[PDB]
Amino acid sequence: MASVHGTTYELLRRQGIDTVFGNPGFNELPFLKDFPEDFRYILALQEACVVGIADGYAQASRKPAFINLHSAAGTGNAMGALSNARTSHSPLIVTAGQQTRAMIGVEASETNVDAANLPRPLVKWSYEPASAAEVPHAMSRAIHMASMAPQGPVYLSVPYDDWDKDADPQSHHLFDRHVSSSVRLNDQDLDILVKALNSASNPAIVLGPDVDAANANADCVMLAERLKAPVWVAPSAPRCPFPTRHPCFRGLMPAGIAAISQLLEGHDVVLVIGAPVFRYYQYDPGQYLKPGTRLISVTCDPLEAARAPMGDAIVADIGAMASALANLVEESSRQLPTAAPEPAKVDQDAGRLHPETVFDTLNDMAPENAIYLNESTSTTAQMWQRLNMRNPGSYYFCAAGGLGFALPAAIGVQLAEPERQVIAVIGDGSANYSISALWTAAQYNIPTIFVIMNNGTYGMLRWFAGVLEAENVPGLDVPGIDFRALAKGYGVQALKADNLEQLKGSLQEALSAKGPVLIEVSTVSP
Amino acid sequence: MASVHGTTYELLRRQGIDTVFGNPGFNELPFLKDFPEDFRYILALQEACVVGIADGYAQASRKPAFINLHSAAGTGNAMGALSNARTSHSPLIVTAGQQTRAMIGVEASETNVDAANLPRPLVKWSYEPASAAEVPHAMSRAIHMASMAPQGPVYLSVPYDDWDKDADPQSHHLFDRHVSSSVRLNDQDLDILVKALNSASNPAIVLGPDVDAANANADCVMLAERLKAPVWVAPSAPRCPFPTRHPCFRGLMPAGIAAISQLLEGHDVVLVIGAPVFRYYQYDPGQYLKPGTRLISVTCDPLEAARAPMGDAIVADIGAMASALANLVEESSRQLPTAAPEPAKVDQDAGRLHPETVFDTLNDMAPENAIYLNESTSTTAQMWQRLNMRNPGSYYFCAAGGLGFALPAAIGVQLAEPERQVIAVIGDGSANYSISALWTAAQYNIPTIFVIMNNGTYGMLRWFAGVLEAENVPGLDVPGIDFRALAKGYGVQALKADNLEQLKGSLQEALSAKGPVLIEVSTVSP
Amino acid sequence: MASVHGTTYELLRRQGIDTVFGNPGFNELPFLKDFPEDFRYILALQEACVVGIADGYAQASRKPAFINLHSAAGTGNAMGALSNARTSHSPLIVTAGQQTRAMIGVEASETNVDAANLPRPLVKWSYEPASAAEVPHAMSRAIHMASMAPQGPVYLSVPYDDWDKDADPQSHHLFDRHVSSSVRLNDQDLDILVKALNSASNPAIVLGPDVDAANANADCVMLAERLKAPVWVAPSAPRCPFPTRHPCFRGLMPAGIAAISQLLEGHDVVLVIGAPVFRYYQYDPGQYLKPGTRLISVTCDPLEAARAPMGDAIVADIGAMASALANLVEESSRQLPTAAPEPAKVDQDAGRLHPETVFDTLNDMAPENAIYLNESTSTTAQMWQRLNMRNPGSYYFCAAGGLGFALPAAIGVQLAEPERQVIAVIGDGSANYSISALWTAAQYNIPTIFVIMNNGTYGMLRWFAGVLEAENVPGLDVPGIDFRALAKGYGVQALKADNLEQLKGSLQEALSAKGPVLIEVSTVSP
Ligand SMILES: Cc1ncc(C[n+]2csc(CCOP(=O)(O)OP(=O)(O)O)c2C)c(N)n1
Ligand SMILES: Cc1ncc(C[n+]2csc(CCOP(=O)(O)OP(=O)(O)O)c2C)c(N)n1
Ligand SMILES: Cc1ncc(C[n+]2csc(CCOP(=O)(O)OP(=O)(O)O)c2C)c(N)n1
Ligand SMILES: [Mg+2]
Ligand SMILES: [Mg+2]
Ligand SMILES: [Mg+2]
């Protein structure tokens, strides 16, 4: 008779899973014992760092990732990272261990109380099974709920005595099941949409993160060339969906109600693909749209379609809808739009560096197929203007605004794409939230590059206190941190850059190295 | 007309509050502006470190502490620390900022979705108000629910546009309200209990953490001297409730069902005060009690009284019940029990240190009124046998077993007791969960001592894999960390100890220093 | 070996339970089979009627009641009745059946999905056990959580295959456990309260429903005679706590903010016992209290103490606090207050009846130890002025305002007090919500009297539309119902009254009858 342990590892290998991300405990020892030789284990020193590494690996490979944590204390330390995963639509399977079934009622040490309620309201599905023989059917529901459109995180809690009991022999029917959500709009209604696009006199296009997740980038290039139309990215962007030096590209939209209606004035039809309508930030009251403009939206999430304050909407898969529209529209006889001008070069003495100077130097020296990550909050507009990104899968930024994402996520992307060089740009404030993730890069020899921007302050918060007219606020400055000593503590090589000739030398050394490297850069205090 | 901002800071000063523990954000700038000169602000670099410092300050002062965090991402990073606060009964008031009321429905950047459900099921009370004028009445309910028996943590969420609006003038009736739960059992039923204690022929006493929280230690010494009875501490102990070298004291109980019924065999009446019945750990099946033994329990928590599997129970305040019993019982004519023997000295060469040798050296050199903290998981039984603790408020250990408590909590205790020296003993594994808290000690010049026990492994997990017969488990070792380099990174002085003569020299230097100090100790690999 | 079925019925008989209230189903047949001869079963035809009958029985006997329902559909039909039970503090144990453990995951017919979340937020405690051997320990927690101060309703869900399995032999330690919450304030603080009462120059007293629940009525009479002080009942009253023709009694308080501060002007100390502060209804803005008045409150519920907008508070048992204060205060030398005048008699022709005429006729003819219930919404002030109620346990009204309480509750009170005659007064609108409860009185021969007040309209709603200035509202009238035909349908004797001489004859017949009786009365349309 096969055990619950033997039946569960056979379901995982037949559904394509071969890696476990974790930090271990008492309640997990009977799951992890006798570990099979066709799987690999990746250790990290804190639970915010475990979930960040797994999130980077899933976004870059376009497939689900598997995680194992300890009871209530371990699940609780990770709830900030699960807030970023809800808004990026990331497919993550989260498991945690519970006490033996005979000692839950007396509340022994290590018991998880009312367990399915702890991660609500951040997850798609949450459960604790009623018997040992139900555990393989519960793992089947979790795999399929994470992978169906719209994609997201899920939770399962298991008592430690279940793994050594006998399984149900009829569980073999689960092993090779296949589920599809790859759908598009009916022929009669799709015909009405194409006729409206073919007769517009001044059209415009807006793109979001679900375009890069689906690999629909090349189909969106064909659509803009046929219509002869300008292209923008939607506000607070988590990914890059279009080549940034193509003649149709206009850059990042402003995040206010009145600023967006003035930008769209004079366009008769506006088409949105794979974004919310819209992720606003500052308070800027006015009109949602001006007279003469109509809007149409395509999305994978029913909650996005319901909460929009203007326009018509369609709920379907982004890959199947983009392929259909690109191959049906006519070639317009209008002329192609003109490419944006070359950015201005700013004046630089032989002391402390301007942020504009750091981005121009990276664009001259790095390879054409590099991957970038951003957690430098006061410099985002300059980064989008000065880096040429030609290929898919080339940019990531925290999707819900939560700090502690970019340092551990850069280690996960480099393990999924071993032939492309990864480069993470991070502020002095943001670097402390997840500092212990540096140990995982040194132990498994993963060659990421980390660039630290040191200005001595929480820079974006001083800017916003100015616009709200708020005086005498405490806690805005962070003096007296040595980032070269923190790297030596966890086993990582460290370099420094105080002027332009030191910055050029340090980047050329880092491109040649066989292990991970950190560089500390002195930047101008606003 | 007074504003909501002016009315809320007047309610806090009249109820005895003068300190704020925090990490700031966009949604909190209109609460923190114009900060008043009779309050102080304490900054930390991550939200697990903010809540740990506040928990140490509240436990040592015996009064409530006030906290301020940013939206869903900040609340989520702290949920592991709120798991420890539920089981220790700590009085903590947690506030977080929300988006402007006109932009919640469209879900703008920084919106907290279904906010009151996020920290359930860990808190006593959770709420988001319906209008700006209701905010001062909501802060009144939060202060009183945290302070009533049984004490615990609470949650409030506030939209940022509420602080500048007009208050209700009838809010002045809140300023000086007083609420009491200081109660004990009726005269007729208390008389029946005292008669049963006076006629027992071989009584025994068991004590828990709610005795030290109430300062009832001296009343429990008088009770044991009158009855002439032996005294134990209940399993997995979070605090110390009795002097450890008094002749009646027998030490820490074992954590198994069968081991506890054999220890109590031959005692006719057993009295428990201020503990659960009981916090078991390992699986050890048998009898709850043997024939001839009856049990009676006094507790402040109705859920503790309901879930016990044996005995009678009384629900009341621990301070008022201990004072009443101590002054009513008769003097027995039995002889006082004999004191425990002096511990054995183990053999030591001039290389790597045994844990037994480290505890004997601290007992010879430290002052008589020192305070200790423990997060060295494989050495807890040796620590309770070898340290003489004469006074109240002298020991703290993680109440729900969650790692990341002792390093930040040691900084909070030293700020509440500036005339007593604090000394924290911590393992190589446990030190990484909350490492960035070291910056807060250097910036505010708080003189704590940190002792690190370096064996290269997760030692308690290797021991338990032996007893469960579990072979080929991954992720149990942590090589290649330099703890002297991590201290220099955050601005803290560092020393080392590789033999007995180096350990004696390093402790004498640390007792003289005016700022914080870390010592790295080489210990024997099991 | 004893089964789970045998062990559970032995725990119920040793804790004092001998009656089951229910409506049966598929999932409950293995609990109800082999029913033991020392228990009785009471059937009703709908689940709102089952819970109403049990609520009346528990309030009149001052002990807990046991209930059994079918899965999600049966639990759902009863949630209006559980809203009334939360605000009256009623001790009710609610159980429901679930599908076999092997078919919960596939969601077979009759499965209850996420079961513990369904009755939140109305209950004190809610749970579904992890194994068959845990079921007797889960029933122990439910009995004790319902009975501890403050008292209220609880919920347990059980899979049908658990009842025939082997029990744990160590479950015998549960059978005779005893838990007490009978507590009062410490000697030093009680002394400060008595000194403030002894030196007041014009005191006043206010009483709520927790006084009648505790049987503290005679101790509150002694307190008012010693202080020489006037006595009021708090607004929207669910029970009667004082004799209504004693010289100190002043009647029912108005339900507005400004109306209550003007009534208390000139009183220096106001003492509240066993009520919320206060249950307001209409909008009436002004001062909470006027200059020269201080307030002090005694309550059994921490949420009542936290939410009051003015005064000091004490949390303790109502029976133990009333006995202590009554025996400690001094005899004042002031003169006793004067009794209220005899009510005015209104003019009556020989046609349709005024409500004032119906209440004067009941006070002349009924016995001195009768029990009354009220669900006639537009006539409550006239009922409190015209009925003389000398003894405890003599009045009940819906505690949360929810219609469908009084008809089934009158059947439960008559089964607990077989030597006192019960008389229920009910409106034409209110009688339809729970009409099928009439069958239970006829089948078990329970002799309640039902008086129906027929005016053809929702009378209280027409009055409130006048004060809000609301015109052209639909759905306010209910013509064409025959209440004598509905009684004959369910097997109950029926009489009628169209003038004063027919009303006197019908009441004298009903006082003599051996079974239940309904009387239909024609009343004046406002
Ligand atoms: C968990 C969490 N805590 C706090 C914040 C608020 N926050 C927004 S921007 C910022 C400052 C980041 O400073 P730094 O990385 O040095 O970049 P700079 O602004 O100096 O360019 C902070 C603290 C947040 N978004 N998430
Ligand atoms: C947040 C959290 N993660 C994981 C654990 C599981 N855990 C229990 S003891 C232990 C090992 C601690 O090792 P160290 O501090 O070096 O002490 P030693 O056992 O070597 O004496 C771990 C990881 C936990 N209790 N809490
Ligand atoms: C379940 C429920 N539905 C509706 C109401 C609203 N309601 C309050 S008073 C009332 C009218 C009752 O009319 P009737 O019993 O004839 O008495 P009358 O007002 O004519 O004296 C209604 C419907 C309620 N309280 N509970
Ligand atoms: Mg900065
Ligand atoms: Mg170790
Ligand atoms: Mg009516």
# chains A, B, ... in the order shown; residues from 1 in each chain; ligands from 1
$ closest_atom_pairs --of "chain C" --to "chain B" --cutoff "10 Å" --atoms "only C-alpha atoms" --output "Markdown table"
| residue | atom | partner | partner_atom | distance |
| --- | --- | --- | --- | --- |
| C:125 | CA | B:303 | CA | 9.8 |
| C:137 | CA | B:309 | CA | 7.4 |
| C:138 | CA | B:307 | CA | 8.5 |
| C:140 | CA | B:306 | CA | 7.5 |
| C:141 | CA | B:306 | CA | 5.0 |
| C:142 | CA | B:306 | CA | 8.1 |
| C:143 | CA | B:306 | CA | 8.6 |
| C:144 | CA | B:306 | CA | 5.8 |
| C:145 | CA | B:306 | CA | 6.5 |
| C:148 | CA | B:302 | CA | 7.7 |
| C:149 | CA | B:302 | CA | 9.2 |
| C:169 | CA | B:287 | CA | 9.6 |
| C:170 | CA | B:287 | CA | 6.9 |
| C:171 | CA | B:309 | CA | 8.0 |
| C:172 | CA | B:310 | CA | 9.1 |
| C:173 | CA | B:310 | CA | 5.4 |
| C:174 | CA | B:310 | CA | 6.2 |
| C:175 | CA | B:310 | CA | 9.3 |
| C:176 | CA | B:311 | CA | 8.6 |
| C:177 | CA | B:312 | CA | 5.5 |
| C:178 | CA | B:312 | CA | 5.1 |
| C:179 | CA | B:313 | CA | 4.9 |
| C:180 | CA | B:314 | CA | 5.1 |
| C:181 | CA | B:315 | CA | 5.4 |
| C:182 | CA | B:185 | CA | 6.2 |
| C:183 | CA | B:185 | CA | 4.5 |
| C:184 | CA | B:183 | CA | 5.2 |
| C:185 | CA | B:183 | CA | 4.5 |
| C:186 | CA | B:183 | CA | 5.7 |
| C:187 | CA | B:183 | CA | 9.5 |
| C:189 | CA | B:182 | CA | 8.9 |
| C:286 | CA | B:170 | CA | 8.6 |
| C:287 | CA | B:170 | CA | 6.9 |
| C:288 | CA | B:170 | CA | 7.4 |
| C:289 | CA | B:173 | CA | 8.9 |
| C:296 | CA | B:178 | CA | 10.0 |
| C:297 | CA | B:179 | CA | 9.7 |
| C:302 | CA | B:145 | CA | 7.6 |
| C:303 | CA | B:145 | CA | 7.7 |
| C:305 | CA | B:179 | CA | 7.4 |
| C:306 | CA | B:141 | CA | 5.0 |
| C:307 | CA | B:141 | CA | 5.8 |
| C:308 | CA | B:141 | CA | 8.7 |
| C:309 | CA | B:174 | CA | 6.3 |
| C:310 | CA | B:173 | CA | 5.4 |
| C:311 | CA | B:177 | CA | 6.0 |
| C:312 | CA | B:178 | CA | 5.1 |
| C:313 | CA | B:179 | CA | 4.9 |
| C:314 | CA | B:180 | CA | 5.1 |
| C:315 | CA | B:181 | CA | 5.4 |
| C:316 | CA | B:183 | CA | 7.1 |
| C:317 | CA | B:183 | CA | 9.7 |
| C:320 | CA | B:186 | CA | 6.9 |
| C:321 | CA | B:186 | CA | 9.4 |
| C:324 | CA | B:186 | CA | 9.5 |
$ residues_near_ligand --ligand "ligand 1" --cutoff "8 Å" --atoms "only C-alpha atoms and all ligand atoms" --output "MDAnalysis selection string"
(chainID A and resid 80 375:379 401:404 426:431 433 453:461) or (chainID B and resid 23:26 46:47 69:70 73:74 77)
$ residues_around --residues "residue 82 (chain B)" --least-positions-apart "2" --cutoff "8 Å" --atoms "only C-alpha atoms" --output "PyMOL selection string"
chain B and resi 51+78-80+84-86+122+153
$ residues_around --residues "region 221-229 of chain C" --least-positions-apart "6" --cutoff "8 Å" --atoms "only C-alpha atoms" --output "NGL selection string"
:C and (198 or 202-205 or 242 or 248 or 325-326 or 329-332 or 334-337)
$ residues_around --residues "residue 518 (chain A)" --least-positions-apart "4" --cutoff "10 Å" --atoms "only C-alpha atoms" --output "NGL selection string"
:A and (424 or 438 or 448-452 or 483-484 or 487 or 492-496 or 506 or 510)
$ select_by_dssp --residues "region 94-244 of chain B" --states "helix (DSSP H, G or I)" --output "VMD selection string"
chain B and resid 101 to 103 115 to 117 132 to 147 160 to 162 169 to 174 187 to 198 210 to 213 217 to 227
$ atom_distance --atom1 "CA of residue 394 (chain A)" --atom2 "CA of residue 41 (chain A)"
27.1 Å
$ residues_around --residues "residue 9 (chain C)" --least-positions-apart "6" --cutoff "12 Å" --atoms "only C-alpha atoms" --output "list in words"
residues 2, 3, 15, 16, 17, 18, 19, 20, 31, 32, 34, 35, 36, 37, 38, 39, 135, 136, 139, 140, 163 and 175 of chain C
$ write_last_selection --atoms "C-alpha atoms" --output "mmCIF file, in the first residue's frame"
data_model
loop_
_atom_site.group_PDB
_atom_site.id
_atom_site.type_symbol
_atom_site.label_atom_id
_atom_site.label_comp_id
_atom_site.auth_asym_id
_atom_site.auth_seq_id
_atom_site.Cartn_x
_atom_site.Cartn_y
_atom_site.Cartn_z
ATOM 1 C CA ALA C 2 -17.840 2.858 24.810
ATOM 2 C CA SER C 3 -18.819 4.775 21.561
ATOM 3 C CA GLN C 15 -24.219 18.763 33.581
ATOM 4 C CA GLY C 16 -28.094 18.971 34.245
ATOM 5 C CA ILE C 17 -29.600 18.786 30.602
ATOM 6 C CA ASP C 18 -32.871 16.713 29.984
ATOM 7 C CA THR C 19 -34.794 18.390 26.942
ATOM 8 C CA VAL C 20 -33.986 18.620 23.075
ATOM 9 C CA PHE C 31 -27.356 11.175 16.589
ATOM 10 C CA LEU C 32 -31.217 10.785 17.237
ATOM 11 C CA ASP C 34 -31.685 4.727 20.140
ATOM 12 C CA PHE C 35 -33.085 7.950 21.982
ATOM 13 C CA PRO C 36 -32.709 7.452 25.826
ATOM 14 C CA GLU C 37 -35.843 7.244 28.128
ATOM 15 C CA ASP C 38 -34.602 9.946 30.719
ATOM 16 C CA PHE C 39 -34.757 12.731 27.893
ATOM 17 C CA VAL C 135 -16.157 15.507 19.781
ATOM 18 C CA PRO C 136 -16.758 15.118 23.640
ATOM 19 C CA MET C 139 -19.111 19.792 23.611
ATOM 20 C CA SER C 140 -17.433 20.604 27.060
ATOM 21 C CA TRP C 163 -21.146 8.874 16.348
ATOM 22 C CA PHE C 175 -18.079 14.634 33.581
#
$ select_by_dssp --residues "region 218-455 of chain C" --states "strand (DSSP E)" --output "VMD selection string"
chain C and resid 231 to 233 249 to 252 269 to 273 294 to 299 312 to 315 371 to 375 395 to 396 422 to 427 449 to 454
$ closest_residue --among "B:292, B:209, B:367, B:341" --to "residue 246 (chain B)" --atoms "only C-alpha atoms"
B:341
$ decode --residues "region 195-217 of chain A" --atoms "N, CA, C and O atoms" --output "short mmCIF file (atom, residue, chain, number, x, y, z; two decimals), in the first residue's frame"
data_model
loop_
_atom_site.label_atom_id
_atom_site.label_comp_id
_atom_site.auth_asym_id
_atom_site.auth_seq_id
_atom_site.Cartn_x
_atom_site.Cartn_y
_atom_site.Cartn_z
N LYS A 195 -14.77 46.92 -37.22
CA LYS A 195 -15.39 48.02 -38.03
C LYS A 195 -15.22 49.39 -37.35
O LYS A 195 -14.97 50.36 -38.09
N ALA A 196 -15.42 49.51 -36.03
CA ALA A 196 -15.19 50.78 -35.29
C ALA A 196 -13.72 51.23 -35.35
O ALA A 196 -13.48 52.47 -35.46
N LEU A 197 -12.75 50.30 -35.27
CA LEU A 197 -11.29 50.64 -35.33
C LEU A 197 -10.93 51.10 -36.77
O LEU A 197 -10.19 52.13 -36.90
N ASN A 198 -11.44 50.43 -37.80
CA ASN A 198 -11.17 50.73 -39.24
C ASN A 198 -11.71 52.12 -39.65
O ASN A 198 -11.09 52.73 -40.57
N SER A 199 -12.77 52.65 -39.02
CA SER A 199 -13.33 53.98 -39.43
C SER A 199 -12.97 55.16 -38.48
O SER A 199 -13.39 56.29 -38.78
N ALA A 200 -12.15 54.98 -37.43
CA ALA A 200 -11.66 56.10 -36.56
C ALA A 200 -10.76 57.06 -37.35
O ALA A 200 -9.96 56.56 -38.18
N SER A 201 -10.80 58.38 -37.09
CA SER A 201 -9.94 59.37 -37.80
C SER A 201 -8.67 59.77 -37.00
O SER A 201 -7.71 60.22 -37.67
N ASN A 202 -8.61 59.62 -35.66
CA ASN A 202 -7.38 59.94 -34.87
C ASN A 202 -7.29 59.00 -33.65
O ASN A 202 -7.34 59.48 -32.52
N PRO A 203 -7.09 57.66 -33.83
CA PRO A 203 -6.98 56.71 -32.71
C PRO A 203 -5.71 56.80 -31.82
O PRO A 203 -4.74 57.36 -32.29
N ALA A 204 -5.76 56.26 -30.57
CA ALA A 204 -4.63 56.10 -29.61
C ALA A 204 -4.72 54.77 -28.82
O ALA A 204 -5.88 54.33 -28.59
N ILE A 205 -3.58 54.19 -28.37
CA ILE A 205 -3.47 52.87 -27.65
C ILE A 205 -2.79 53.05 -26.27
O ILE A 205 -1.81 53.83 -26.21
N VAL A 206 -3.27 52.37 -25.20
CA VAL A 206 -2.67 52.31 -23.81
C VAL A 206 -2.45 50.84 -23.37
O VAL A 206 -3.44 50.08 -23.48
N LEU A 207 -1.25 50.45 -22.85
CA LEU A 207 -0.84 49.03 -22.52
C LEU A 207 -0.44 48.87 -21.02
O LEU A 207 0.23 49.79 -20.48
N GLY A 208 -0.79 47.72 -20.39
CA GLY A 208 -0.47 47.35 -18.98
C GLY A 208 0.36 46.06 -18.79
O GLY A 208 0.82 45.46 -19.77
N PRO A 209 0.58 45.57 -17.52
CA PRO A 209 1.50 44.45 -17.26
C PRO A 209 1.09 43.04 -17.76
O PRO A 209 2.00 42.24 -18.07
N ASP A 210 -0.21 42.76 -17.90
CA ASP A 210 -0.74 41.45 -18.38
C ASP A 210 -0.34 41.19 -19.86
O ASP A 210 -0.39 39.99 -20.30
N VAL A 211 0.08 42.22 -20.63
CA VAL A 211 0.65 42.03 -22.02
C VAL A 211 2.02 41.30 -21.95
O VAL A 211 2.22 40.28 -22.69
N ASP A 212 2.97 41.73 -21.09
CA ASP A 212 4.31 41.07 -20.93
C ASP A 212 4.15 39.67 -20.30
O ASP A 212 4.88 38.74 -20.76
N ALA A 213 3.25 39.48 -19.31
CA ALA A 213 2.98 38.14 -18.70
C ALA A 213 2.58 37.10 -19.77
O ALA A 213 3.09 35.92 -19.71
N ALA A 214 1.76 37.48 -20.76
CA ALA A 214 1.25 36.60 -21.85
C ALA A 214 2.24 36.44 -23.04
O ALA A 214 1.91 35.64 -23.98
N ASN A 215 3.37 37.17 -23.08
CA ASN A 215 4.27 37.28 -24.28
C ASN A 215 3.50 37.75 -25.56
O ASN A 215 3.80 37.20 -26.68
N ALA A 216 2.61 38.75 -25.45
CA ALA A 216 1.84 39.34 -26.59
C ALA A 216 2.50 40.62 -27.19
O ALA A 216 1.83 41.29 -28.03
N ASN A 217 3.76 40.93 -26.82
CA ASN A 217 4.53 42.16 -27.21
C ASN A 217 4.61 42.30 -28.77
O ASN A 217 4.26 43.40 -29.32
#
